[PDB]
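Here's the structure we're looking at; comments come further down.
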Amino acid sequence: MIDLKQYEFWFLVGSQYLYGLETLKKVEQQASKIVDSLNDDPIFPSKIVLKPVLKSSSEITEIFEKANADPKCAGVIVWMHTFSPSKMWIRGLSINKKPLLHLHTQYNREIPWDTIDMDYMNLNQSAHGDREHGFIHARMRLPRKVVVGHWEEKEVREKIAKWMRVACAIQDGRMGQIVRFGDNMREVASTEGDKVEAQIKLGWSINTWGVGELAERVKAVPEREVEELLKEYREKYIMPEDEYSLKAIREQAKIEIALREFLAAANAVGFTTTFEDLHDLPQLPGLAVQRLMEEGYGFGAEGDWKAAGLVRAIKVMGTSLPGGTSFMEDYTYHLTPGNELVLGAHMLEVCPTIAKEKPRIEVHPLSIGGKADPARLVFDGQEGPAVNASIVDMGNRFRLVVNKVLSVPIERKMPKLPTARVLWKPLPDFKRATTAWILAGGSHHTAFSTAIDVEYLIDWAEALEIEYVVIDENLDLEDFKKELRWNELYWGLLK
Amino acid sequence: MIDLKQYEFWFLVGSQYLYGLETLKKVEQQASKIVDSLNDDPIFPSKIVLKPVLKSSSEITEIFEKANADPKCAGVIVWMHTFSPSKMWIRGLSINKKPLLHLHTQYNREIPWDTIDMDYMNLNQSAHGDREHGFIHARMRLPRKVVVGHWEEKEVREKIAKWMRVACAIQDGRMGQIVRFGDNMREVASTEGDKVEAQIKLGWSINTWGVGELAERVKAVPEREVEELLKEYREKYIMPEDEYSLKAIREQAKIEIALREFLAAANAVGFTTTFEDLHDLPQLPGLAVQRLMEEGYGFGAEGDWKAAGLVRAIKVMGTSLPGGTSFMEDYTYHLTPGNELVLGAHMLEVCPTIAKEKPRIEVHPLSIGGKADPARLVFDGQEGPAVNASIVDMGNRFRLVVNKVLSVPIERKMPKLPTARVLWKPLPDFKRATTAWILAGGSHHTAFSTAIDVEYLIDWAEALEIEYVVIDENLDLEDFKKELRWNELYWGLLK
Amino acid sequence: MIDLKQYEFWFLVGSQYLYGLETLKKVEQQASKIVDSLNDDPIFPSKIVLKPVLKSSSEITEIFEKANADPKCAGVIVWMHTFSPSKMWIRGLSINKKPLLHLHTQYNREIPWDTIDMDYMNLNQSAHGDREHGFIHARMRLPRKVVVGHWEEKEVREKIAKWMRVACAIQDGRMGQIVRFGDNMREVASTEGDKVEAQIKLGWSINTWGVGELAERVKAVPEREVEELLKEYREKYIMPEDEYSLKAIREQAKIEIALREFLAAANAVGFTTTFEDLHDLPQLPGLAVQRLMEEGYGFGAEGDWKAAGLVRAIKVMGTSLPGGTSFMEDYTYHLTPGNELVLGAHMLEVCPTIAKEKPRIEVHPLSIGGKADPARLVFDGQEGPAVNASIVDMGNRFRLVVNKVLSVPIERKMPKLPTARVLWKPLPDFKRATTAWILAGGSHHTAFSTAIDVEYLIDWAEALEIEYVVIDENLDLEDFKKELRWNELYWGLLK
Ligand SMILES: [Mn+2]
Ligand SMILES: [Mn+2]
Ligand SMILES: [Mn+2]
Ligand SMILES: [Mn+2]
């Protein structure tokens, strides 16, 4: 299980040397009083680390040097308790690459109306303290998330925690590696992209291996390791009796063991396969992909590493109780006028986290790629609102298209449909949302997620400086059309 | 053994309907008198086709539509015999994608000083005829090659023939397809690129197949086919006797037959392999690659499809008597002050077209990629001037770096060097040319060619509208730096 | 007396994990053999530090992270001994801000013609090793200096040592701070600039203090410190006898002690004054400024902090045997047709490092700013070639104009001219060079230097990514005109 907990966020308080050493300790004590009570709230998925109050420029750059060196650091929260002049922060901000969150707050809620004096205004320079700081950010063209509100309020705490999840989701991508077993499906364009621009912009390291490398590991698996997987399969899934149905289960278990060993040996965070190139593999890898995705490993099919990396990062985001992130492909539509829906599924690989029922193992005739009927997990989709994202390469840059959707319970049964399925409504209308998905050039391979909001992906794209286009409920098609071309030039030369 | 005499070039003469029908037939007859004598000259590698003199705009667009419809047409040569207004050419030029050559010429060399009358100035309106025509090209931002001179002169004929060779080299790339057996070498950047923008800009269709697909073909080869290859090997090459050296020759022969069968079935023009992904292949492809390159198939190693496609197109260019094009890798330097050279070779694959002596088959221990000692062709390089080109992906666009070099004869013999090799001097100085190659970001995999001049690649880049940077003798390093940065923005927004 | 020696340069050797651990030790030992012999050469003004050969991406980023943290590191020298794939370097190059020098070299000069085998070719993969590396720089648009040649040759060593001096000149500016005593001269434009954009681009921290701050320190100077300065003055300079001339010497001595106390307390590297705002100061700072400039402190007059910072960095460059850097103001011309010259001087402040004769203390009536006759050093200019540079603010960016000049000996003496003076010829012609200086918008305050070449400032501007325009002998006025407009948009949008 790869779940975030080790990542820490560096809370940063600012001051200057042109102050008395007595009032600085009051700021240090108050900052401890804020960050410790912040750690008392269980909403934050990671710890906070208060660092000594900064007064000179050299201290600023010294702390930022340590922020980029420690891999356990995945973000910095900056808050000006008092007036800290910004020209001290220039050299420090010109070196850091960790995401920034600008917390605008004052520790005391109300104003002591009868006791506000000049010795208190000198301490609580909150209003005009970071306004000068935000100028230096807007000036340096630096990407950051701004959040305003009193730290005791819940709304600001939710915003800063969502930013924490995103600020570490990019880190599980700068460190990790994406593995390709076979190249892209031939003549497919949306799955292709510039592998170097991903390392330069997103940080996603990406490499390709021949599938025979996997075929070496799938056969060299011990026999008493697949039975410990079969007892787990029985405790959670499994089809009737010992027939040819269980032969595919043992084959999928042997592939699962090979994949876990391989991805562990090469520090992987996501992987992708191809269905027309898996020789010496006795069967198309199914169920094992769902087993690896159930932990956290992102996956894309047909060579699509775009979707694999997006699914991995967006799975690092949605990691808590309302979890549910899967690799999706919009498969078919339901064109009734009043209740037009869309049924999403794949040929085999759908993550069992968005499942509503008991994940049921099934095997069915599947001639795609020409092997033996592979196993798969079957379940109905989850209810409620969700998001459907897709990153696609635009030649000179990447763009992230995201559609907010409302998933609905399945009304009718499907006896002959072998793969797990979800039904949802694209907001606002199927016609508008789908014609906007087509205008933006969104790929067919998407990242379905019920655990996160559009706020998450918006902070992801803001932190990585890539184009984002959202398809909210207030979607006006013509204004979205203008938005596409106005964005096309901003991200082209500037970034 | 695919050659290029089938391609034809469409000669296009311009006039207008606002003229007498009598002098238009004089223009038609004069154009026939020029084009027939043009076909009589054997310097041109392809035929010319005179099409009826154009007078109206609809005729213009009709001819250009047939130019985009006929696959045998690979270029259009435009010449204004009389004043043809350009606004008729606007709709015709706004639809064609075939390369344009602007022939500026007068059918008669001298001026009839004693017989120049108004019926002759009205006929031979060449001087101010295409001056108006070139304006609509500069205006429409249309790429074309401009050539001025009398068609009887040899210099102009050399220029137009080089343009013909390039204009058919691009067609063997818009139609053909490049095949990849395995992806790129892991973590390598200069060999990687955007496969979609390559189809959009250059037209090179590109796809990837698993190496097991080739391992299927290598084993089902008939037996009486390998000895028919060994007799041809003996007629030209071959190593002593059957011990362990003749086994690898038959292994390479069955690989050659498998590659021929595969590449012919999928309309291929170039192919690329990888040394760390050759599962079920008993031996690294060597001699067979050189055998295919000797005919015309372009090749790149370690997944480099950039070099493979460039080698294929530049082999289509250099196709006649002074032939000599190979896939090269700058392997090692010779740093003596007065006679500093560079030794280029590969691990196995060097085309036997640049060979000077008899290609000698040799087998030597080669542990790269972990297979059985493969066979290879050994020979010394050719003398005289040559060029060394490389196309590389710059994120938003491709750029073509080309170095003019002077090859020198090999002074000493190399008993322990197993691969064929070439020695050359980069113009003007090794320091200047190599530091400019590094500034421009040229790949290590290059396309060495002795059959063509820099004019060829310059018309290639002019016709495809990609950045080209030359390393001529007139190389001033600081101006080259400024050239790189000034070019980065013209090809950035405009194209 | 602040010079350089503490700065260290990190030599960086590249390889990959996909190699045998035995042949990696050969590279480590060979790199030690190169860097130790490099430290044996006294041409290099700073030390070299070999760091373990890098094989994985994480080691790359670890080294670059520590390079930005250690303040003693002022540059990184990169050299690919073997083929190191570039995608490993992406995360490492995307974090460092230290200047890069790309050393292209092979440890052995000639080629072992009779002993070149695959076990030697696998070791010295230098030729095609860093070509792949330079591609990742061209791709990431990262600024760097490329140097090609064998490390035993002296010319390449001269290039790399000049880059070392420049790479540490920028560090004494990212850390240091510039002090202003009074603002700019009123209504003057060329001295003005954006104090924030200087910290963002050049790193120069800049702040202003009232002149009364200096007037407090000038009066509380101990008495037995100024006579201890007068004895040294006698050892080097001094005017006849104790009269009104020595009163100004004691005034300059107390000003010098006050400046020494002030600038050291606030980590200063340059300072600037103004002549129309010196309240409570009994005398305009003269001789004391020359005494501080003789050590290393940069200085600009009339509030010009551009010239002060430029003089400081350009003094850090020219610090060894051929020393000689001063603050200059193009003061008057000599308009004879064949020998048109320009006489450069100021009202008081000319550095005694460019002096040819014995610096003679003199006092003369000077009504500028309304104080008491200040002291000054008088001497004739130096011979040989020199450069005259000037950085100027262009609204959105800075540009660096530099004029190559040839200094000439003074033919006649000037009895009534009170300030030290230099005579030189602007290359190629005074008309061309001065009309190009006016076209480029060069300020009247310049940085005259005899210790450095144009190569130094060209690497300064290349490392800081600012526009540079040179006025060498190869000055073509029309080409310079086009160069200005082509640079304006490249440095306007891109950087
Ligand atoms: Mn699919
Ligand atoms: Mn290679
Ligand atoms: Mn691209
Ligand atoms: Mn002045």
Report task. Would you calculate, for the protein assembly as shown, the mean residue ellipticity at 222 nm contributed by helices, counting each DSSP H stretch of 4 or more residues as -39,500 (n - 2.57) and dividing by all residues, to the nearest 500? Result -> -11000 deg cm²/dmol
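Quick one: compute the contact order of chain A, relative version, from alpha carbon pairs under 8 angstrom and 6+ residues apart, as a percent.
13 percent
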Report summary line: What a careful reader reports for the chain B Cβ nearest the rotation axis onto chain C, distance rounded to whole angstrom, is B:486, 3
Query raised in the report: For chain A, what ratio Rg/Rh do Cα atoms give with a Kirkwood hydrodynamic radius?
Result: 1.02
Query raised in the report: Do you know the relative contact order of the range A:48-92, to the nearest whole percent, from alpha carbon pairs under 8 angstrom that are 6+ apart?
Result: 61 percent
Report task. Determine the distance separating the Cα centre of the range B:125-144 from the Cα centre of the range C:138-176; give it in Å without decimals. Result -> 48 Å
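Once you have the alpha carbon radius of gyration of the range C:89-160, what is it after dividing by 2.2 N^0.38 Å, with N set to its residue count? Spell out each step's value before the answer.
Numbers: Rg = 14.6 Å, N = 72, 2.2 N^0.38 = 11.2 Å.
Ratio of Rg to 2.2 N^0.38 Å for the range C:89-160: 1.31.
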Query raised in the report: In degrees from 0 to 90, rounded to the nearest 10, what is the angle of the helix B:57-69 Cα long axis to the longest principal axis of chain B?
Result: 10 degrees
Report summary line: Computed over the protein assembly as shown, the convex hull of the Cα set has an average projected area, in nm², of 68.7 nm²
**Report entry** Restricting the range A:405-458 to trypsin sites (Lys or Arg not before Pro) in coil, as DSSP defines it, with at most 13 other Cβ within 10 Å
**Finding:** A:412, A:413, A:416
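Kindly state, to the nearest 0.05, the FRET efficiency for residue B:490 paired with residue A:429, given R0 = 51 Å and r defined as their beta-carbon distance.
0.75
Taking a quarter of the surface of the convex hull around the Cα atoms of the range C:127-251, what do you get in nm²?
15.3 nm²
With a cap of 10 neighbouring Cβ atoms within 10 Å, and only residues DSSP puts in a loop, list the trypsin sites (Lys or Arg not before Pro) found in the range C:163-257.
On the way: sites: C:165, C:174, C:180, C:186, C:195, C:201, C:217, C:219, C:224, C:231, C:234, C:236, C:247, C:250, C:254; in loops: C:186.
Those that pass, being in a loop and sparsely packed, are C:186.
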Report task. Straight distance only, please: which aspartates and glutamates reach the Cα of residue A:231 with their own Cα at less than 16 Å, same-chain residues fewer than 8 apart left out? Result -> A:223, A:241, A:242, A:251, A:256
Requested in this report: Could you state the angle between the C-alpha long axis of helix A:305-317 and the longest principal axis of the C-alpha atoms of chain A, as a value from 0 to 90 degrees rounded to the nearest 10?
Outcome: 60 degrees
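Arrange the following residues from fewest to most other Cβ atoms within 10 Å of their Cβ: B:476, A:479. Kindly include the intermediate steps, with their values, before the conclusion.
On the way: B:476 13, A:479 9.
So the ranking, lowest neighbour count to highest, is A:479, B:476.
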Requested in this report: Quick one: with label points 7 Å out along Cα→Cβ, list the inter-copy distances for residue B:1 in nm, shortest first?
Outcome: 6.9, 8.6
Query raised in the report: Where does helix C:430-439 land angle-wise versus the long Cα axis of chain C, in degrees 0 to 90, nearest 10?
Result: 80 degrees
Query raised in the report: Once the Cα atoms of the range C:425-495 are picked out, what are the Rg and Dmax in Å?
Result: 12.7, 36
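With contacts defined as alpha carbon pairs under 8 Å and 6 or more residues apart, what's the relative contact order of the range A:10-135 in percent? Could the numbers behind the result be given before it?
On the way: 173 pairs, mean separation 40.0, N = 126.
32 percent.
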Report task. Return the distance in nm (one decimal) between the two label points of a simple spin-label model at residue B:155 and residue B:23, each offset 7 Å from Cα along Cα→Cβ. Result -> 3.1 nm
Report task. Answer rounded, prolate or oblate for the range C:288-356, using the Cα gyration tensor with square roots of eigenvalues a ≥ b ≥ c: rounded when a/c is under 1.5, else prolate when a/b is larger than b/c, else oblate. Result -> prolate
Query raised in the report: Hey, could you pull the Cα Rg and Dmax for the range A:338-495, both in Å?
Result: 17.6, 53
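Between residue A:114 and residue A:43, what is the FRET efficiency for a Förster distance of 41 Å, r being their Cβ-Cβ separation, to the nearest 0.05?
Values: r = 35 Å, r/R0 = 0.85.
E between residue A:114 and residue A:43, to the nearest 0.05, is 0.70.
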**Report entry** residue A:232 paired with residue A:280, simple spin-label distance in nm, labels 7 Å along Cα-to-beta-carbon
**Finding:** 2.6 nm
Report summary line: Reduced to Cα centres, the span from the range B:430-495 to the range A:434-495 in Å works out to 37 Å
Requested in this report: First check a/c for the range C:129-170, with a ≥ b ≥ c the square roots of the eigenvalues of its C-alpha gyration tensor; if it is under 1.5, answer rounded, and if not, answer prolate when a/b is larger than b/c or oblate otherwise.
Outcome: oblate
**Report entry** Charged-residue dipole, Cβ positions (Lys, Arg, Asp, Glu), chain C about Cα centre, Debye nearest 20
**Finding:** 660 debye
Requested in this report: Within the range C:1-60, list the trypsin sites (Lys or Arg not before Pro) lying in a DSSP loop whose Cβ has at most 16 other Cβ atoms in a 10 Å radius.
Outcome: C:5
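Each value in this text was obtained by applying a stated rule to the coordinates, not by laboratory testing. When we count neighbours, we look across all protein chains shown, and the Cβ atoms used for this are built from the backbone with ideal geometry, even at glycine.
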